[PDB]
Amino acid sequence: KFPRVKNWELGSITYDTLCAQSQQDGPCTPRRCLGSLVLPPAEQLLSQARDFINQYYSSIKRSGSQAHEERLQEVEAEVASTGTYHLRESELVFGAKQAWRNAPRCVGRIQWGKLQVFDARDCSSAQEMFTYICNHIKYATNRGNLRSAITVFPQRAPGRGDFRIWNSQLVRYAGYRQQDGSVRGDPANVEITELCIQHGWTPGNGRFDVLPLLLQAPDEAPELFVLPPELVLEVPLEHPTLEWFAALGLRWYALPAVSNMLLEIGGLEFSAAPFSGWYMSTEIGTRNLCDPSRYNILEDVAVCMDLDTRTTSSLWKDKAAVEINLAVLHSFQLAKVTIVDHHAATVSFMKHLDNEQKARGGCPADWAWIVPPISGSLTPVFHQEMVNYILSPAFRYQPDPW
């Protein structure tokens, strides 16, 4: 019934009672488990809405109370006649905060408290959209002292199409299908960089060409928006001892800002709702820089480091992975830019567990994404049992708009 979740490094044993709050079901069944997998009426909305409203006022003192009284009524009315309602600004600030907290893949959750919710539900043109982006980005970068934030664009309509950001991050490097099967720059970004060309933009042949923004208002042809260079803040990557590293001319950006997700709240749905925290050095070091399907620079730096590619058993792959990571870490502390090493980050998540285990008795987590891509067993999380289940409001993946 209620699950025993033990930490193995410390013999400590808890129970998750928070699961029962999950409405939405996942992939696992009694027969076989699919934890590893990356992805997947009228009156019914009134119930999601409802259950979100109880959540809300229990959040503030006013639980099951006296404005919780008639507020549950404005909704009664507004779906009753028009089959969809709108959120009060305070209520939306709650939904964002909550939905991050609710996301079992996010190791940066200790922070869910502090978050800046820009409101754009008054956005009509894609022009206005752009402005909001630059402003989200300005507030969020904060000259290098990064601040977690989420601009929220209009909630999709029963009738019409959607506001959608086509980009899968506000900042990104172009990916350029050369002529020889070859790829120049970020390969995870080819199919997309093609769409900007297709919607008529001047490309480069740069490794770290920052891409422009393709924003789309409902039932309208996507518009392109070249992003004022000054907002995108990037870091050259050097190395505390290897003199030769910055020869390589590797750079990364500061702001990780997801844009292709779907903010689901109180039953309503936000197709654009970009959000941006701050990076964990391994995202930049290990995946971003080393994934084969990406920039894939492991071998390069390994040869530099005069190591031995010839065989796997010389650990050359692990040896480089650690410098590159170590390089990524340095760089930010050099350039006065917020960064979080895996160790430091997982330690605090550990905290967040307990911390929530208190507040709400449990907390959903996707172990495989919670544990770092290098040196896993060397973080605590690796030794902590986790329980993963779906909790509204939360972020949800959505099919690309083309």
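In this text, residue numbers run from 1 along the sequence as written.
Per the record, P40 and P41 are separated by 10 or more deposited residues that are missing from the model.
Between the stretches 314 to 322 and 67 to 75, it is 67 to 75 that shows the larger average CA temperature factor. The stretch 220 to 228 shows the higher mean C-alpha B-factor when 220 to 228 is compared against 271 to 279 in the entry. Per the PDB entry, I60 shows the highest C-alpha temperature factor of the residues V340, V347, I374, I60. The PDB entry assigns the greatest CA B-factor among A157, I110, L255, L262 to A157. Among the modelled residues of the chain, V328 sits in the lowest third by CA temperature factor in this PDB entry. Per the PDB record, residue ranking by Cα B-factor puts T14 in the middle third of the chain. Ranked by Cα temperature factor within the chain, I150 sits in the lowest third according to the deposited record.
For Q116, the recorded CA B-factor ranks within the middle third of the chain. Only modelled residues enter the ranking. Ranked within its chain, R105 lands in the lowest third, by CA B factor from the PDB record.
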